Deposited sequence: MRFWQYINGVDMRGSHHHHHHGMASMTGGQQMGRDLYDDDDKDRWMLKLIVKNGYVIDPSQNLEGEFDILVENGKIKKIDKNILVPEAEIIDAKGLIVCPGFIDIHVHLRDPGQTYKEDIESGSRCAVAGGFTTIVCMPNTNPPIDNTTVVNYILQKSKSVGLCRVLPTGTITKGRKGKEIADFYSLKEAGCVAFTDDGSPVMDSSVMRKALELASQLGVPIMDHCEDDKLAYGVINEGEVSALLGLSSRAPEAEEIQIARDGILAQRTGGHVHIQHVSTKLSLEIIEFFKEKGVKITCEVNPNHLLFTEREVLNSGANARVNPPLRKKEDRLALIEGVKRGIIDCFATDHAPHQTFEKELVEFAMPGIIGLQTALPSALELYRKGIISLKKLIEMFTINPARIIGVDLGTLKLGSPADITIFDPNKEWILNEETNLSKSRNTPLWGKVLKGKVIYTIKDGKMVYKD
């Protein structure tokens, strides 16, 4: 099989303002052509009739618990949840044990990702050594080794002078600082912190990404900074939307929230979400809060742009990372379907609507329903 033809689907690629009933031809792990009615020899054909065909999803906030808490989740089990949920690329947080503050840990995660061979797992580095909040980490080395962002996630930066230094360095390197996830409260004020981050981002030219927002005022502050050209973004977990749910839904509706990111947070006594993010987001679509195109933007090109990777598109020549889903397929996360080592989600046992049928990474099927 030299080629794949994804046939009969409704293709949506927001990055190109492209949508319609088209086929996709994939060769050499790349998008080769998008056209009506493609047939070539030596191909596998996926029949996407009645399905939505779009770039592979990108989750920029996942806790894989690896190294150090691999009984809760590991790179393999999280990657299995990821591809089952349409994600071809996930970004793992650095509050592992040991934390991702040196190239040995970085290389560990990259080699795991390679051997597991499902989704791309991109590491982040810590902002400070040991995430202790005192001494800035070596962002140059960590980036060179493959880190795509920096965060003390686990534990928000409390030292304003550390945040400024972090954003300074981030600006030199062309990578974001992620801030304001308290995952450490179980692996191991909001408005003021966001305003601080917006101010420092403006002052340094660095990109800050707010990992958790919960109030209308936080959203209004973020939108203010964005309107003034400050490189600030934010995310929401669609699983949490079904604090201040309603303000968050208005923030999605108005485009203040840039992307869906799960904050997949395995625990065995934050919620898991990679495997359910899509049906959760689709509930907002079915309720008229967002268009399907906007839903796709928030899973694809928007998070790609936040982390500066050339993914989240179906542009000719790009990696053939492709998600194929049925917006109306009902299913339940339970013991028959769960690929996490944990079960910590209020969606457990509930009827979900929307399911990934195929996930394709570099032209290879890595998930099929």
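Unmodelled regions of the deposited chain sequence (numbering from residue 1, in sequence order): 1-45, 234-253, 308-329, 357-367.
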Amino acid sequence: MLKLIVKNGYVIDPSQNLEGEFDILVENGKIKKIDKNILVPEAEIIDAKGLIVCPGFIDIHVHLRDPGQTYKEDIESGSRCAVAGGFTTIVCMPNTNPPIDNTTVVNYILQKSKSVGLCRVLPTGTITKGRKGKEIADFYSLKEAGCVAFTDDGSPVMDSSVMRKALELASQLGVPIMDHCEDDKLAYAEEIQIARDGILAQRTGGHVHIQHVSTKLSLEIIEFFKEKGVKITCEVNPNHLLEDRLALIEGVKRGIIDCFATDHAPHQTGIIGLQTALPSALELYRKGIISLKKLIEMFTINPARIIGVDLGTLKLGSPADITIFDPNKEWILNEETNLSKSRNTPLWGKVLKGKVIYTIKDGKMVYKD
From here on, numbers count along this sequence of modelled residues.
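Take the two forms, superpose them, and find the largest set of C-alpha atoms that agree within 1.5 Å; that set is the rigid core.
Comparing 286-294 with 149-157 in 4 other deposited structures of this protein, after superposition on the rigid core, the stretch with the greater RMS C-alpha deviation is 149-157. Between 71-79 and 244-252, the larger root mean square Cα shift in 4 other deposited structures of this protein, once each structure is superposed on the rigid core, falls on 244-252. Coverage remark for residue 264: present in the model in all other entries compared whose chains are built on both sides, leaving no third without it. Per the records, residue 203 is modelled in every other compared entry, just as the shown structure includes it, so no third of them leave it out. On average the C-alpha atoms of 200-208 have higher B-factors than those of the other stretch, with 200-208 and 86-94 being the two compared. In this crystal structure, the stretch out of 142-150 and 75-83 whose C-alpha atoms carry the higher mean B factor is 142-150. The residue among 237, 107, 275, 160 whose C-alpha atom has the highest B-factor in the PDB entry is 160. Highest C-alpha temperature factor among 289, 121, 265, 296 per the entry: 289. In this PDB entry, the Cα temperature factor of residue 2 sits in the top third of its chain's modelled residues, the highest group. Residue 156: CA B factor in the highest third of modelled residues in this chain (values from the PDB entry). Ranked against the other modelled residues of its chain, the C-alpha B-factor of residue 137 as given in the entry falls in the highest third. In the PDB entry, residue 188 places in the highest third of its chain by CA B-factor. For residue 50, the recorded CA temperature factor ranks within the lowest third of the chain's modelled residues.
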